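[1] how does the following fold in three dimensions:
(chains A, B and C, ligands or ions: 4)
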Amino acid sequence: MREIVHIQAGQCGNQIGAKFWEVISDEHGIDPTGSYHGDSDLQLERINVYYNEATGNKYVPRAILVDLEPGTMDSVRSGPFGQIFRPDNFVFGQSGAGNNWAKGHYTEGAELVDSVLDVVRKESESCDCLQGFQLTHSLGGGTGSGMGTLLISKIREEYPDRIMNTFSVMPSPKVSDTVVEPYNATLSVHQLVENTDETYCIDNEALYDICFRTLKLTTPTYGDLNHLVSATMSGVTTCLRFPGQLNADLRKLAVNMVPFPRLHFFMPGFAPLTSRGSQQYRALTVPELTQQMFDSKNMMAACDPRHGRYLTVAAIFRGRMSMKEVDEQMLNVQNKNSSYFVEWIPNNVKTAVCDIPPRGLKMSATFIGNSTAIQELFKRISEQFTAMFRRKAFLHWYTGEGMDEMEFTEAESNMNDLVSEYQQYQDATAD
Amino acid sequence: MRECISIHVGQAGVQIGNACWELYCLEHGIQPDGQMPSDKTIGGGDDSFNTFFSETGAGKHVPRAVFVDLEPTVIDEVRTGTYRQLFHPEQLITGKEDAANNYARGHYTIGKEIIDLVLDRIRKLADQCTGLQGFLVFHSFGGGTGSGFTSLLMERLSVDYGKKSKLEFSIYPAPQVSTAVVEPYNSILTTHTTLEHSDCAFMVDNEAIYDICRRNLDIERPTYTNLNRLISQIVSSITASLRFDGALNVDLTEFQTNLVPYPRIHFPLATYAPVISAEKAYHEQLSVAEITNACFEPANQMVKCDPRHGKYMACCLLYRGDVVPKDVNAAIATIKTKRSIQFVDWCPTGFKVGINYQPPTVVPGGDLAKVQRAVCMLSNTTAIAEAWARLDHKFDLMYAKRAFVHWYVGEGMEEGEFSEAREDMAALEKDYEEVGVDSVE
Amino acid sequence: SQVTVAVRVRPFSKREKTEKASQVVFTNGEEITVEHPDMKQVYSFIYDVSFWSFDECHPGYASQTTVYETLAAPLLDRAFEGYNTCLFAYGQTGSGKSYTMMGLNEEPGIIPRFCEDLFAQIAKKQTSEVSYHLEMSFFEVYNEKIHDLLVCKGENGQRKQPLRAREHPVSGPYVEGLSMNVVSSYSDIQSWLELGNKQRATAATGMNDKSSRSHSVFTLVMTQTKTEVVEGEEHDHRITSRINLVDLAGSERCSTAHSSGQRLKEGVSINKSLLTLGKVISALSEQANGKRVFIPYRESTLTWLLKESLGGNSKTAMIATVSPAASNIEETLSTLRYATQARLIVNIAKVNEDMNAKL
Ligand SMILES: CC(=O)O[C@H]1C(=O)[C@@]2(C)[C@H]([C@H](OC(=O)c3ccccc3)[C@]3(O)C[C@H](OC(=O)[C@H](O)[C@@H](NC(=O)c4ccccc4)c4ccccc4)C(C)=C1C3(C)C)[C@]1(OC(C)=O)CO[C@@H]1C[C@@H]2O
Ligand SMILES: Nc1nc2c(ncn2[C@@H]2O[C@H](COP(=O)(O)OP(=O)(O)OP(=O)(O)O)[C@@H](O)[C@H]2O)c(=O)[nH]1
Ligand SMILES: Nc1nc2c(ncn2[C@@H]2O[C@H](COP(=O)(O)OP(=O)(O)O)[C@@H](O)[C@H]2O)c(=O)[nH]1
Ligand SMILES: [Mg+2]
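    Residues are numbered from 1 along each chain as shown, chains lettered A, B, ... in the order given. Ligands and ions are numbered 1, 2, ... in the order given. Find the structure here:
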């Protein structure tokens, strides 16, 4: 049977795990004791996708943590679901990076990679089979990029056929919550594009626009945003875990969405989302969802789609439905805004369905899209780069631990080339 | 006496079986578990007919079928659901990996480790079958396993067993709708591999039944099951000849002969005329003339193929219920009188017929309604070529720009296979473009 | 462009004459045709050039020296004019690519004529006012890793030392620690190549032994030093030129050839590389015909080596070997189908609405 692994690094990855496993436990019906309290005879039928076995009929995740500074992992252990994890799987060290990439890829990440593999191999060989690997990390940090990118490089050097998904984070246009987001995220985008089947590029500000304008929440915390990133990561795999009138997996998504191998930088979305005291005035039906999805106010990049085109999309549904309505709505959508989609691909979507939705809902949908609006995220990144490398601003830090300017130049060249690949298709493209 | 092995493949196959066997058990009056309380009411005879179901000394029964999907998310329902304790525990579900909506995994890397077991079980079923092993494959294009694994299985069976009846009730993409993006690449190669080894391969399109769902039986929110039952009634309208007594009985060895003029043009279409609702089951006669009229109309066809753009190479019919061959002849001659239809000169006969007294049977809480007779139709035309001719314009662009490709060869496929297949399909189009001319000299 | 892919054929053999393998390929000269013992279906392929080398006395014969003089003048021209040039070969066992590239000691192939005419034009023009300094490298690609062929291995297992590919902003792709040597006689490069072919790997597939599981690259750098200044001895520049040759594998259907384990990985990598190369060549002819368009350079490793040696003012070509054996037909067909997309006519439409020819 199929199995999946999860990796986490940096502060963001740990803090996202502390919400994601806290959600999946309520989906499959598990508690902070590692114990079962559900109702069905179904949630325990395919729980092995994520979780391992126990002694007292408890259950455990196959999760791994990486981060170098203990000052975050302690927040887990003094946390709600912070005593289910195997304490051996909380791999750590000391001597934090300093929001540096070189101090997380070369000095200490390159040191700690073996100790991390000492757990990775243990958990991977326990699986009767395998489907792929996850990651939940960010850029602009330290360990959340360097150590994790090194991990992905090694792991793909091992497993050329298994899948590696990286539900990462990329920095924002307007606010730069860290100064040197561009250099670190650029090195990551270099060491990711060739060493990944698919990465789910996600941005902060779209979540803020959602929680401020759409759900009409007043004052959210990071938890209330990772609370959406988790559901994004969860509706993907619902096909794999629970039955449905049309199944799916990670491979069908990555293969029916990554035509060219480099072009695998995706854009997510979730549906339904409404204010607490306003879902009275709607209907839980496919038309409402398909109208709410493709709008530019439910994505997670703040990157204008109407400024570009979509190569392809993917929509994983969850509930008792009627596939005819899905098909008719999708054809209508391709028919109306047809210019937004591509000429040289005739149909530009697949589907996936499950007959088992979350604990309190009747109908849901997760959106995935291979687009070209990811351009401006990257033209902007390269612009913020070439505004800095033009005078060697912060360079001596990244060099003093044993780098050279050549690697930076290589990263810039690869980013610009991927940008031009994306720009190949944005125009009319007619005759 | 005479039997028919039935394989179902992919989620399409498994769901279609989950409908079909639930039909077959109710037709013969059979419990889920495998007993015959209907026989306990009757007490003897051959009614638990050995055409499909083998029997034991203990009384339990079992159908002579299997199914494989390479995705245990599906069939583990059937290992545990309502119909669990019926089927043979051998359902080969080595679904360590999915078929990725690709034909490379279904035919080479994941095409191995099972196929040996499948042929072994086909042997373990055949040596007790004391008649034909007329094969039925309920597979689908687009879907993963039912393309590649099916292509392997049929070409292998061509070498193992050969001179038998091998049929494919395949499923074809709608020209606009899909649940996939690389559906043509997974649909075209199975044609290249079936064109030599399968003898006849019926076809459907999901969009056509989706259009049926509202025009006639007045529904607009259907599931897949509500189509699987139509498929099941089609297959019943075929098999009911071999199964039960009849006036004009037909064997599966007839369908392969009276509808396959040439070896390569063996790709017909299928319809079932009375598709009408319990409310609309009243308000109308359902006489034979109007039924057979619907058996040539464009709407109630199970495929988006306007036959008025093509011609009819042949048409077969299988009727049910209280039927009168003179009424049948009147309907046929009424249909041959129209200028709206153009049979070819080299098929003046056109029609083959077969009859069974036993009508169909209702299924609880479903869609259809009990009637006193019914009809099914099969037809080899020359209009379906256009549909194939659409896929080349849905193929050639992508293979030219080389989109959605590198995820194939990563599992062992060569690119030239595409082109060597492409022109083959092109040649097939020429055959459908060649015969449709009333030759003089 | 004038990339000008070309095709050759193997006259059968005395061994094949024993078996009397039925001729499948018919030729009208400029076009090429083919048959199939079903004798209903038919194909017809066009190319810029046709070397119908089967017959011995037929007009328009394809001689080895004629193969040289067909494609040699653009090489020396485009080099001495300062630019770089590559050559691609494609074909498999039974097509005898070795017979084409290398020939025999007595039957001269392609490489030896090239290097010898090079040395000829060198020693002819070797004034005091000029210096020609030429150096060599030879490596291979294997499961999408680079490996040096020229390395005199040390005491170890056969951990074929994997170098890496990196990028200068000025001249772009290259390798660190890439060994080089010097050329002053055809015999020296002959010995170097004779040893380099030994470490390149094959395996006894169902077909035969020497089915290569790698792609073999041969590179020569030439330094032209004539620059001399009127004020005094100052070389204001020293011209560089890159010459390249490469031999490749087939396409290796794993469908019929049910070989598993490690050979499958090799074949899959080889096929991916061949795919990317075909796409690159399509983009080339699309780009030298009036349409600026991206190139998928960075997909493979090999192509990433060549982004300057196969672009801009770089005129190269491809050669395709075959054999008309009945037991090769599919492979034969596949070979041609890899190349013909470089055809000039691929159904390009016509559009023109610009109308401001005024003033
Ligand atoms: C009466 C009612 O509608 O209860 C809802 C609810 O009020 C709303 C607001 C829920 C609620 O979600 C939010 O409003 C929200 C709050 C902060 C940040 C982001 C979202 C809800 O939390 C979400 C939750 O439904 C879920 O999403 C699943 O329970 C969720 N599991 C968890 O979030 C979870 C977290 C910690 C511990 C245990 C469970 C889930 C979703 C997808 C996939 C797997 C699990 C339920 C019933 C509700 C509340 C609780 C109010 C909605 O949640 C979603 C996106 O499905 C928001 O709109 C839906 C439905 C409702 O409108
Ligand atoms: N007409 C009809 N078509 C169906 C039905 N179920 C599935 N299909 C078609 O089958 C296709 C996918 O089939 P599958 O091969 O089972 O896909 P899967 O479940 O992922 O299994 P693999 O593709 O082999 O990995 C879909 O695109 C549908 O169009 C059905 O019940 N009726
Ligand atoms: N979206 C989101 N981002 C986070 C969260 N926690 C940390 N981050 C990101 O982490 C980055 C800060 O760098 P960080 O990863 O903490 O450095 P490091 O952990 O020492 O490697 C910022 O860009 C944040 O956006 C979170 O809960 N949500
Ligand atoms: Mg599947």
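
[2] just the helices in the stretch 51-200 of chain B please.
    Per DSSP state H, counting those that start in this stretch, the stretch 51-200 of chain B has helices spanning B:103-104, B:115-126, B:145-160, B:183-197. These are given in chain order.

[3] of these, flag the one that's most buried.
    Of all the helices of the stretch 51-200 of chain B, helix B:103-104 has the most neighbours on average by mean count of other C-beta atoms under 10 Å in any protein chain shown, namely a mean of 28. Bear in mind the C-beta positions are built from the backbone N, C-alpha and C, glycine included.

[4] what residues does that helix touch?
    B:147-148, B:151, B:185-186, B:189-190, B:408-413 (C-beta atoms under 8 Å, 6 or more residues apart in numbering or on different chains).

[5] and stretch C:134-143, by the same measure?
    Residues external to stretch C:134-143 that are found in contact with it (C-beta under 8 Å, 6+ apart): C:118, C:122, C:146-150, C:160, C:175, C:178-183, C:189, C:192-193, C:196, C:199-201, C:213-223, C:265-266, C:269, C:273, C:301-302.

[6] so how far is that stretch from its chain's centroid?
    In terms of C-alpha atoms, centre = their mean, to the nearest Å, the centre of stretch C:134-143 is set 13 Å apart from its chain centre.

[7] stretch C:163-170 too?
    Averaged C-alpha coordinates place stretch C:163-170 at 22 Å from its chain's average position (C-alpha atoms, centre = their mean).

[8] what are the buried residues along it?
    Under the neighbour-count criterion of 16 or more other C-beta atoms under 10 Å in any protein chain shown, stretch C:163-170 has C:163, C:167 buried.

[9] closest residue of the stretch 251-359 of chain C to ligand 2?
    With C-beta to the nearest ligand atom, the shortest gap between the stretch 251-359 of chain C and ligand 2 falls at residue C:255, namely 18.6 Å.

[10] returning to that earlier point: Serialize the helices of the stretch 51-200 of chain B to JSON lines and add fields for distance to residue B:373.
    Below are the helices of the stretch 51-200 of chain B laid out as JSON lines (distance: least, C-beta to C-beta, whole Å):
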{"stretch": "helix B:103-104", "distance to residue B:373": "42"}
{"stretch": "helix B:115-126", "distance to residue B:373": "34"}
{"stretch": "helix B:145-160", "distance to residue B:373": "33"}
{"stretch": "helix B:183-197", "distance to residue B:373": "34"}
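
[11] nearest to residue A:241, of those?
    Proximity to residue A:241, assessed across these by C-beta to C-beta, is greatest for helix B:145-160 (20.2 Å).

[12] excluding chain neighbours, give the residue nearest to residue A:76 in space.
    residue A:82 (4.3 Å; C-beta to C-beta, 6 or more residues apart in numbering or on different chains).

[13] ok, residues contacting stretch A:334-352?
    A:239, A:244, A:246-248, A:252-253, A:256, A:294, A:305-306, A:309-317, A:323, A:326-327, A:330, A:425, A:429-430, B:101, B:176, B:178-181, B:183, B:394, B:397-398, B:401, B:403.

[14] that should have said stretch B:22-34, apologies.
    Contacts to stretch B:22-34, defined as C-beta under 8 Å, 6+ apart, come from residues B:36-38, B:47-49, B:52-53, B:60-63, B:82-83, B:85-86, B:229, B:232-233, B:236, B:243, B:360-361, B:363.

[15] out of those, which are buried?
    Buried by 16+ other C-beta under 10 Å: B:36, B:48-49, B:52-53, B:61, B:63, B:83, B:86, B:229, B:232-233, B:236, B:243, B:360, B:363, out of the contacts of stretch B:22-34.
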